[PDB]
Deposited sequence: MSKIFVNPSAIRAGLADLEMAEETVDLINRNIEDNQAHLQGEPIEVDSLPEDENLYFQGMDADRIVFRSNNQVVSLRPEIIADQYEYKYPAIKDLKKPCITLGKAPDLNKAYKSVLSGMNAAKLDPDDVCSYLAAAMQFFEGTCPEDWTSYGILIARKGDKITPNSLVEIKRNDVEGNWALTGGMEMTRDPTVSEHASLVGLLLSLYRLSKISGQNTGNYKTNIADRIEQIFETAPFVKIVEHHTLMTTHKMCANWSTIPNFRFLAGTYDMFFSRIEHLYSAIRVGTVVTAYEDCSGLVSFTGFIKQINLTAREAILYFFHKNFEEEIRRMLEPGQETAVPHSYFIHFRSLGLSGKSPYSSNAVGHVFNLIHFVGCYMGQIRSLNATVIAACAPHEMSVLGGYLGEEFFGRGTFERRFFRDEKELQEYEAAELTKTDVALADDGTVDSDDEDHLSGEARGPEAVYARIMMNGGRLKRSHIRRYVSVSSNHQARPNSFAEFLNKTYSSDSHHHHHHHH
């Protein structure tokens, strides 16, 4: 069932900070490209920084030797690695360019010296790590430059782990090759031989869901996102924590930008009755979706919520609509996106055809067309969908596969 755009103009006024959210997330996604190539809301309500608990603080020289030997032997201890990464945060000091507050927590004032430690509370007990030496002929102490190279390599294991699925081998290999180059090039120093990172990754394939490791990756990424630093290229491994588990929100802001409309204008094109709940879910106030350098941007990795209201599933109707329009527009990214089967994909593909025709007038005009055609796709819409999907190598559970199955299987 579809709703007249006029009726949803009243609910349009209630929404707040919608334009600021679209602009901020889109600007951040763009900035991140340089490094790339029930539901619980994340807002902190008790002024406590994100926190984790690790073992007893280690001698940084010994921890470096142990962790490096593990890297070379493809035998890394995750508890040790987390302990070392937290203890290494002291090496990454910078000056905060502006006052930094998030969810009521004053992280730093303009001019303060800051490290990644300023952003989070790392608690430590008295349990010593293992710190085994596996395979390491270094008697001297590591330099800071070497520490930073190891921190970079280790954190890159988070990005490699997150890449999962079939036919990802070549892609991961190229990322790994690039990462190795970055962390052997000044100001970093070569501390491992080529192909060491991939060999170790094969034995650390699921580390991206180790909560403490994920937490540390998000902490470093939040730090370098705000604080320019000699070693900021570490983000090549951590950039993927930004907006983690928010693919529905990110698709929404990206789609508004693609159709070159304001958020206010674009929302009127979401006629279907199931959109309203989802758009309100994304624009819930108090979550700092429009605040630069908020904890929000890394809330999943930092443990603020394990049930994201911004995922593709949490807003599956909006998500399905956007990518059916993308398919209509021949966008490979949408054709390869995964359909949210529970959120009326057939109905979403109908509205997607009409919105796709429109974006190739106004919300009311599109609405009238649907009513005049009894809620059915036009033959031209189907011909367009099929001409795109039938010439595409459809992946399992993808929008392309749905369209072939739905419109080109008889």
Per the record, deposited positions without any C-alpha are 1 to 3, 41 to 85, 184, 410 to 458, 509 to 517
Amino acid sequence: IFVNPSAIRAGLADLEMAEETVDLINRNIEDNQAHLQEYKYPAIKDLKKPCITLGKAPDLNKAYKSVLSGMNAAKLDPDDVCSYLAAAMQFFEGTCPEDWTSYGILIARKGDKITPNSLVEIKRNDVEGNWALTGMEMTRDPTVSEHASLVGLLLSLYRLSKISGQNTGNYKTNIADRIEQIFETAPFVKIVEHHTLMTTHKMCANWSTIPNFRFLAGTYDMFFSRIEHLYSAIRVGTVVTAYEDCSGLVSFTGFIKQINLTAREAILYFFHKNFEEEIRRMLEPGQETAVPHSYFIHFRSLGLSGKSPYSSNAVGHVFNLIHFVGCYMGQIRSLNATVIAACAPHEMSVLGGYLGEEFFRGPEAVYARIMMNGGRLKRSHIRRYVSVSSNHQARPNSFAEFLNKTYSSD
From here on, numbers count along this sequence of modelled residues.
Of the two stretches 46 to 54 and 368 to 376, which shows the higher Cα B-factor on average in the entry?
368 to 376
Mean C-alpha B-factor higher for 258 to 266, or for 108 to 116?
258 to 266
Based on what the PDB entry reports, which of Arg333, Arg214, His298, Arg226 has the top C-alpha B-factor?
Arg333
Looking at the C-alpha B-factor values in the deposited entry, which of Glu244, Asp79, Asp99, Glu128 comes out highest?
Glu128
Assigned third (lowest, middle, highest) for the C-alpha B factor of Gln33
highest
Among all modelled residues of this chain, ranked by Cα B factor, put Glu180 in the bottom, middle or top third, i.e. lowest, middle or highest.
middle
B-factor third for the C-alpha atom of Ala63 within its chain:
lowest
Ordered by C-alpha B-factor within the chain, which third holds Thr338? Give me lowest, middle or highest, please.
middle
Compare the C-alpha B factor of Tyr231 with those of the other modelled residues in its chain, then answer lowest, middle or highest third.
lowest
